[PDB]
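Visitor: Here it is, the structure, as structure tokens.
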Amino acid sequence: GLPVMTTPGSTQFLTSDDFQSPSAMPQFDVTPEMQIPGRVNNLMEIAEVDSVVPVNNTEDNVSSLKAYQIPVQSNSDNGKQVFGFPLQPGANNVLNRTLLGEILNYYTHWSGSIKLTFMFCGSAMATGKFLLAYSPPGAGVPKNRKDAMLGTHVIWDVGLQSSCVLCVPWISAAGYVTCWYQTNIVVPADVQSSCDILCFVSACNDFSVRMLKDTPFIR
Amino acid sequence: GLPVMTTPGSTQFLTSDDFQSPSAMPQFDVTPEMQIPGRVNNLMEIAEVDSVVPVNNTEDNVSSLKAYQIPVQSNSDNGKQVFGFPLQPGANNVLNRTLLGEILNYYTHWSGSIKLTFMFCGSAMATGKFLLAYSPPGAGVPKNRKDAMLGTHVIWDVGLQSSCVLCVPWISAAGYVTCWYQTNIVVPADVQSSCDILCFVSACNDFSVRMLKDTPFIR
Amino acid sequence: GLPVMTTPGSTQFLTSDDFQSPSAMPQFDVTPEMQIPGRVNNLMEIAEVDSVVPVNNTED
Amino acid sequence: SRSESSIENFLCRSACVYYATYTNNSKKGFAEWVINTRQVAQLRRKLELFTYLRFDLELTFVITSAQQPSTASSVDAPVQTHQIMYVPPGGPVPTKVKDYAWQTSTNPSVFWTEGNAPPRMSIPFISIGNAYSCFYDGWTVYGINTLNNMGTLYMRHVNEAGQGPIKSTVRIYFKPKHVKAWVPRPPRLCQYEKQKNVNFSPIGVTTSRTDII
Amino acid sequence: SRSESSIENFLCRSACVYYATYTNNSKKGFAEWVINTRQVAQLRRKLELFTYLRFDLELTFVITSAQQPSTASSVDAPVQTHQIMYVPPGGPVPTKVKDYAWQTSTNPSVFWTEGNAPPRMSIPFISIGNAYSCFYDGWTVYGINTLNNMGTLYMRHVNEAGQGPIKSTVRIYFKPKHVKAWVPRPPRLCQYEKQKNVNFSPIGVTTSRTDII
Amino acid sequence: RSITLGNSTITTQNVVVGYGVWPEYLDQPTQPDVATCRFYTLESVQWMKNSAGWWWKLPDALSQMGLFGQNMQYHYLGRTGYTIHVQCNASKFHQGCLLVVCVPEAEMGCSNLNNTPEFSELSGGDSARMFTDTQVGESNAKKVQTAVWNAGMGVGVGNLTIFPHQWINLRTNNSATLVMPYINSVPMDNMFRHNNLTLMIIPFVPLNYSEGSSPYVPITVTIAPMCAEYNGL
Amino acid sequence: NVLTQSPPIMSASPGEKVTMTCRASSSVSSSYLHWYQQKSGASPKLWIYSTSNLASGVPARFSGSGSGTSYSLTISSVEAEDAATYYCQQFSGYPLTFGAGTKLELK
């Protein structure tokens with residue numbers, strides 16, 4: 001017949017191949033398609049949406065809806081820390097179980113930038129100001145309001161707008190996203206002073222993942 | 001199906017083949033290139049550079065930097081040998097561990113020509129003359145300055161230039190590269206008389222190697 | 001894959017075949033030719049020359 | 058590098074889903090596996106990121122053998138042959154090793170002799186609805208959805224026992240092909256209890272730390 | 058003749074790099090090899106003529122077998138099957154013969170039955186930096208460079224032990240393919256002590272002679 | 014003659033450039057180019073009679089050096105080319121010969137055969153480390169083996185001419201000049217854990233002089249960074 | 002790397018030739034083997050360096066030899082004033098080990 005010659009690696013099962021296969025059920029006349037809404041072509045479209053960050057863990061709020069709420073009250077000392085969390089990946093941080101951080105646990109190397117949106121869910125009559133400090137990797141965490149101001153920051157006037165966006169990069186000291194009281198919460202009579210803040214996280218649309226592995230969130 | 005017919009030498013592993021192979025990791029999206037300087041396309045570019053020849057072995061200079069230096073002093077007898085070394089390959093010669101001779105030990109047959117550069121690292125006020133004799137394969141080693149002059153040679157005036165080039169062929186009595194005092198080293202007052210010479214070797218750009226084997230410099 | 005079907009006389013060694021063979025030494029860069037005089041293309045050129053006949057055997 | 062995060066590169070990966078043994082002379086040795094995606098917990102968590110899936114199917118069987126301890130006197134065996142029968146949804150089902158439903162003409166089976174390449178077979182999108190459904194909020204028993212039924216597989220020897228027992232294991236490999244996915248969904252936080260359902264026991268949202276600052 | 062001295066003709070040659078044994082019933086028999094170029098001293102001295110290398114990888118496994126001394130009564134065995142699992146850099150690693158990490162879906166493995174052509178597989182340039190680095194003057204421990212990590216390979220039988228022990232050896236062959244090289248470097252004069260590092264003890268420059276003339 | 018960079022000025026009268037290529041520029053890396061681009065003259069070493077050699081690890085000798093050292097603690101990453109001016113100044117009555125060679129990725133070897141050297145021993149910051157012409161013993165734990173005929177890397181020291189180099193022969197020459205491009209596998213690396221160049225100066229022919237002349241000769245190294253840029257915001 | 006000298010005690014009349022040897026455990030290079038001489042109640046003195054070269058101020062009756070792992074020292078004519086102890090030093094790695102000592106008494 002036609003002379004052929006079989007090479008090494010012939011009658012083997014390599015589990016990561018792509019070969020044609022004999023169909024078990026021919027002549028079946030498979031069901032046609034249908035336009036169902038909401039098609040996913042890529043996993044980066046799942047990561048681009050906003051998700052609430054459980055930034056208030058504290059070992060008794062994790063089995064509650066209190067894990068998402070940052071307490072803000074009108075204290076008596078000017079200049080204090082509201083919250084603060086590092087950007088160190090994987091070692092039990094707070095962006096881990098979120099909807100962005102569930103995709104980045106399926107890969108080993110990823111690198112890009114992050115939107116962080118904060119929303120002040122207090123009264124409509126309450127006013128104040130906040131600092132939103134970001135420390136770059138290498139610079140230490142600020143210990144005063146003053147040297148937090150000397151770095152990069154956003155001053156967030158609550159009475160003007162109720163939402164402030166801060167975009168940082170996140171790569172696989187690595188960073189800090191602390192936030193500070195600039196002024197107190199001034200409130201009228203017959204309005205409550207204990208207000209809360211919610212924090213949303215997203216993907217800033219321009220980044221990449223390599224070398225898929227399996228997630229550490231399993232037995 | 002299609003009638004085929006397998007020939008002898010089919011399901012064998014010949015270690016020197018070139019066959020297509022099934023990739024273990026597809027869909028990986030390999031890292032792209034990058035312009036790194038200093039690309040090697042051939043091993044003859046490694047051989048074309050100049051390297052110092054340890055021409056002063058003498059069984060106690062080999063664990064030193066003295067192995068590279070040829071002693072030159074102002075003696076009292078006119079006509080003497082400075083150095084001399086055969087061009088017989090492999091049998092413990094001095095061009096063996098050099099950067100040219102490390103490539104020619106990976107092959108069995110090689111044949112071409114050799115640049116040999118000498119450099120007089122003495123004072124700027126010292127003068128003299130040297131003969132640079134080359135004996136061809138078949139002719140004996142010269143035993144006088146006179147019959148060394150009657151062959152092929154270069155007279156190297158040190159006071160004019162401090163570098164003299166001599167090009168010989170080297171094929172896998187086979188040759189000699191002896192060198193002789195023509196005149197003494199004339200030196201002024203308050204200048205040292207013990208000067209040294211360094212010797213560089215290279216490839217003269219036009220030669221070929223065949224039948225790669227493994228080097229004898231291993232356990 | 002592509003469906004094939006092996007016929008009789010497949011994995012045999014017939015000593016008078018002509019098949020392609022995998023080279024043991026590739027990348028060797030074989031020595032080129034050279035014009036040597038006196039090439040033989042056929043054995044009938046050996047037979048066309050004259051040779052002396054031992055026609056006087058006689059056992060001694 | 059955004060081609061590693063596509064839907065095909067995320068889900069078209071091979072995975073061992075089942076592992077069963079069967080011996081030829083013991084009259085209750087034959088394997089059986091109802092094809093479901095909820096078998097291995099790592100693949101299940103990936104397919105449950107989407108509500109509706111649609112894919113072809115490709116299965117490969119790694120069948121090995123072992124010689125069981127017989128009595129004596131020179132057990133010699135020829136090469137063994139196995140049968141891997143695939144029952145479509147709504148087909149007759151065997152219940153013994155010598156049964157009629159092995160011989161039915163609508164259940165396609167492969168026959169494979171030991172010592173060759175493993176027996177791959179391929180199954181198209183076999184359903185009446187236009188997509189497989191991972192979640193189903195309703196009754197047919205709550206949350207079953209009898210429309211995404213993919214069939215069953217059955218394994219046995221075809222040689223009679225000659226002199227000594229021989230038991231064999233099988234590992235089934237699973238590979239979704241040409242995947243389309245719709246309506247993304249948040250990934251599971253709690254652990255998996257039972258295969259059939261979504262039942263769970265509550266757990267905290269995330270691992271905790273000592274102070275907020 | 059200058060095509061024998063090219064970089065591809067110098068380095069794209071096959072070389073046996075590893076040799077390990079493993080037996081099926083002894084519960085501590087399975088092979089393991091972390092892929093490094095510093096295994097055999099003759100290939101290492103050739104790859105250390107250059108600072109940065111970049112190549113594809115091609116591996117071939119010559120697996121044989123041997124019948125260990127069993128007790129008695131007619132050991133008969135079917136054809137054996139082995140599994141060769143490749144763990145990428147940063148993957149889960151087995152530690153026993155019955156472990157979960159053999160069954161993971163991201164570690165591609167080949168299954169090969171004895172008596173066929175040997176099991177070749179091919180591995181691309183798997184790194185994040187743009188070149189493998191033979192030398193690294195820095196810390197991550205001094206001079207390690209965790210970026211040129213190529214993975215690990217693991218071998219085992221897949222058949223259970225039937226009547227008698229069987230031990231198997233494996234020889235791994237190594238062939239760089241489509242090689243690019245940068246920044247040449249002088250060849251080593253001293254001998255090799257440890258695999259990890261460049262540590263040495265000093266030796267003379269060359270072999271000596273009696274007199275200079 | 015009398016070239017200047019920023020607020021410094023050195024003077025020169030033969031240059032050898034790298035692997036043939038000239039250094040040039042490339051989240052987003054920012055370009056600081058005027059503030060630290062100047063000539064950083066390190067202190068002089070003394071070439072005596074029985075001297076053996078010197079070395080400097082190159083993105084570490086400029087770590088305590090002024091605003092260049094301030095730009096390193098503020099930045100995680102960076103990529104930099106260099107320009108090295110080496111001159112020694114002796115009379116016409118001295119004699120010697122130096123090899124000025126610039127080695128990329130020079131792994132040193134420890135004296136103990138199991139361990140690895142330490143950071144205080146591998147590189148003195150803006151200060152020259154010395155080769156020796158004896159052996160460093162095996163008894164001390166973490167020290168660099170500096171047998172100069174092996175150049176600390178286990179190799180023939182005569183074959184060090186394959187790196188970009190220059191000879192300084194006192195009879196004919198006075199200085200050397202090197203222009204070294206950025207050589208690395210990654211395009212931008214950790215600058216705190218990697219010393220990607222090493223500048224070695226080895227006297228092949230030793231210094232000699234008659235009685236009366238100055239008994240040692242100074243050597244002066246000057247480094248000027250070319251096309252430096254870092255990563256951060 | 003230890004050195005054994007033999008014989009430990011050596012006696013010979015003046016005017017004859019006598020020799021001693023110093024055999025190393027491993028290979029020592031020919032340039033790193035030296036010979037010393039220590040009289041009774043005095044410091045040692047360097048006698049022969051690098052196995053063949055006489056030191057300064059030493060008489061010409063001595064000549065060292067040997068290579069590899071076996072080295073020796075020969076006295077062509079024995080006088081009366083050169084009765085002392087002779088040690089051999091080596092260097093293969095650190096430390097620098099000495100011999101055991103060979104004592105020469107005249108007869």
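Protein chains in written order, with the entry's author numbering: chain C, 1 to 172, 186 to 232; chain C', 1 to 172, 186 to 232; chain C'', 1 to 60; chain A, 58 to 197, 204 to 276; chain A', 58 to 197, 204 to 276; chain B, 14 to 26, 30 to 42, 51 to 257; chain L, 2 to 108. A prime marks a further copy of an entry chain.
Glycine included, each C-beta is placed from N, C-alpha and C at the ideal position.
Counting pairs of beta carbons, one from the region 121-141 of chain A' and one from the region 110-129 of chain A, are three or more of them closer than 8 Å?
Guide: Output reads yes: the region 110-129 of chain A touches the region 121-141 of chain A'.
Visitor: Closer than 8 Å, CB to CB, is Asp60(C'') near chain A' or not?
Guide: Taking Cβ atoms only, chain A' never reaches closer than 8 Å to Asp60(C''), which makes this a no.
Visitor: Use the C-beta contact count for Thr17(B): other C-beta atoms within 10 angstroms, 16 or more gives buried, fewer gives exposed.
Guide: Result: exposed.
Visitor: Decide yes or no for the touch test of the region 237-254 of chain B against the region 156-171 of chain B: beta carbon pairs closer than 8 Å, at least 3 of them.
Guide: No, they do not touch.
Visitor: Measure the Cβ-Cβ separation of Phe187(B) and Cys126(B) and say whether it is below 8 Å.
Guide: Yes; because the gap between Cβ atoms is below 8 Å, this pair is in contact.
Visitor: Find the nearest neighbour of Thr31(C'') within the set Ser221(C'), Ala216(C') and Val72(C'), judged by alpha-carbon distance.
Guide: Per the Cα distances, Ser221(C').
Visitor: Anything in the region 66-83 of chain A' with a Cβ closer than 7 Å to a Cβ of chain C''? List those residues in chain order, please.
Guide: Those residues of the region 66-83 of chain A' that come within reach of chain C'' (Cβ to Cβ, closer than 7 Å) are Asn66.
Visitor: Is any beta-carbon of chain A found at less than 8 Å from that of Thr15(C)?
Guide: Yes, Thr15(C) counts as interfacial toward chain A.
Visitor: If contact is defined by three or more beta carbon pairs under 8 Å, each pair taking one atom from either stretch, is the region 255-270 of chain A in contact with the region 89-99 of chain A?
Guide: Yes, the region 89-99 of chain A touches the region 255-270 of chain A.
Visitor: Would you say the beta carbon of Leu252(A') is closer than 7 Å to some non-hydrogen atom of the ligand COA?
Guide: Of ligands this structure carries none, so the ligand COA is not represented either.
Visitor: Would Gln254(A') pass as an interface residue toward chain C' - the criterion being a Cβ-Cβ separation below 8 Å?
Guide: So, interface residue.
Visitor: Take every Cβ of the region 167-175 of chain A', pair it with every Cβ of the region 5-16 of chain C', and state whether three or more of those distances are shorter than 8 Å.
Guide: They touch, by the three-pair rule.
Visitor: Using 8 Å as the threshold, is the C-beta distance between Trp71(B) and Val229(B) below it?
Guide: Contact: no.
Visitor: Any idea if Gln90(L) is buried or exposed, counting beta-carbon neighbours within 10 angstroms, 16 or more meaning buried?
Guide: Buried, by the Cβ-count rule.
Visitor: What is the rounded straight-line gap between the Cα of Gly151(C) and the Cα of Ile207(B)?
Guide: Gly151(C) and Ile207(B): Cα-Cα distance of roughly 34 Å.
Visitor: Among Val33(B), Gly149(B) and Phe117(B), whose alpha-carbon lies nearest the alpha-carbon of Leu202(B)?
Guide: Ranking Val33(B), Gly149(B) and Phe117(B) by Cα distance to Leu202(B) puts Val33(B) first.
Visitor: Going by DSSP in three states, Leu223(B) sits in which element: helix, strand or coil?
Guide: Reduced to three states, the DSSP call for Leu223(B) is strand.
Visitor: From the DSSP output, in three-state form, read off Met250(B) for me.
Guide: Three-state result, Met250(B): strand.
Visitor: How is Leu4(L) classed by DSSP in three states: helix, strand or coil?
Guide: The answer is strand: DSSP assigns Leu4(L) an E or B state.
Visitor: Just to confirm my understanding: we take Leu100(A'), look at its own chain, exclude 5 residues before and 5 after, and list those with CB closer than 8 Å. What are they?
Guide: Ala72, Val74, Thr94 and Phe237.
Visitor: Using a Cβ-Cβ cut-off of less than 8 Å, give me the residues of the region 46-58 of chain L that come near chain C', in sequence order.
Guide: Residues passing the 8 Å Cβ filter: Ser51.
Visitor: Determine the DSSP secondary structure at residue 185(C'), reduced to helix, strand or coil.
Guide: Absent from the coordinates is residue 185(C'), which sits in the stretch where chain C' moves from 172 straight to 186.
Visitor: For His139(A), count neighbouring C-beta atoms within 10 Å of its own C-beta (all shown protein chains included) and say buried if the count is 16 or more, exposed if not.
Guide: Buried is the call here.
Visitor: Could you please tell me which residues of the region 26-40 of chain L, in chain order, have their CB closer than 7 Å to any CB of chain C'?
Guide: The residues in question are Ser31 and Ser32.
Visitor: Assuming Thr269(A') and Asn57(C') form a contact by the criterion Cβ under 8 Å, report the distance between their Cβ atoms to the nearest whole angstrom.
Guide: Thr269(A') to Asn57(C'), Cβ: 6 Å. Contact.
Visitor: Opposite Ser44(L) in the DSSP bridges: which residues?
Guide: In DSSP, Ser44(L) forms no bridge with anything.
Visitor: If we call anything under 8 Å between Cβ atoms a contact, is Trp90(A) one with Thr209(A)?
Guide: Not in contact: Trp90(A) and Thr209(A) (Cβ atoms no closer than 8 Å).
Visitor: Can you list the residues of chain C' that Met178(A') reaches, using a CB-CB cut of under 9 Å?
Guide: In chain order: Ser21, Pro22, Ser23 and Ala24.
Visitor: Cα separation between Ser172(C') and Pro211(B)?
Guide: Taking the straight line joining both Cα atoms gives about 44 Å.
Visitor: What does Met34(C') reach in chain C if we use C-beta pairs closer than 8 Å?
Guide: Going along chain C, no residue has its Cβ under 8 Å from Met34(C'), so there is no contact; the nearest lies around 16 Å.
Visitor: Quick one: is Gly38(C) near chain C'', going by C-beta distance under 8 Å?
Guide: No, because no Cβ of chain C'' sits closer than 8 Å to the Cβ of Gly38(C).
Visitor: By alpha-carbon positions, which one of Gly1(C''), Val49(C''), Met25(C'') and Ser51(C'') ends up nearest to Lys226(C')?
Guide: Selected option, being the one with the closest Cα: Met25(C'').
Visitor: Under 8 Å by Cβ, that's how I've got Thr108(C) and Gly147(A') pegged, so tell me the actual separation to the nearest angstrom.
Guide: Sure, about 5 Å apart at Cβ, within 8 Å.
Visitor: Cα separation between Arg248(A) and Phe107(A)?
Guide: Straight-line Cα distance between these residues: approximately 5 Å.
Visitor: Whole-angstrom Cβ separation of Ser78(L) and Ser66(L), contact assumed at under 8 Å?
Guide: Contact doesn't hold; Cβ gap of about 17 Å is too wide.
Visitor: Can you give me, in chain order, the residues of the region 102-127 of chain A that have a beta carbon less than 8 Å from any beta carbon in chain F?
Guide: Absence of chain F from the displayed structure is noted, the protein chains being C, C', C'', A, A', B and L.
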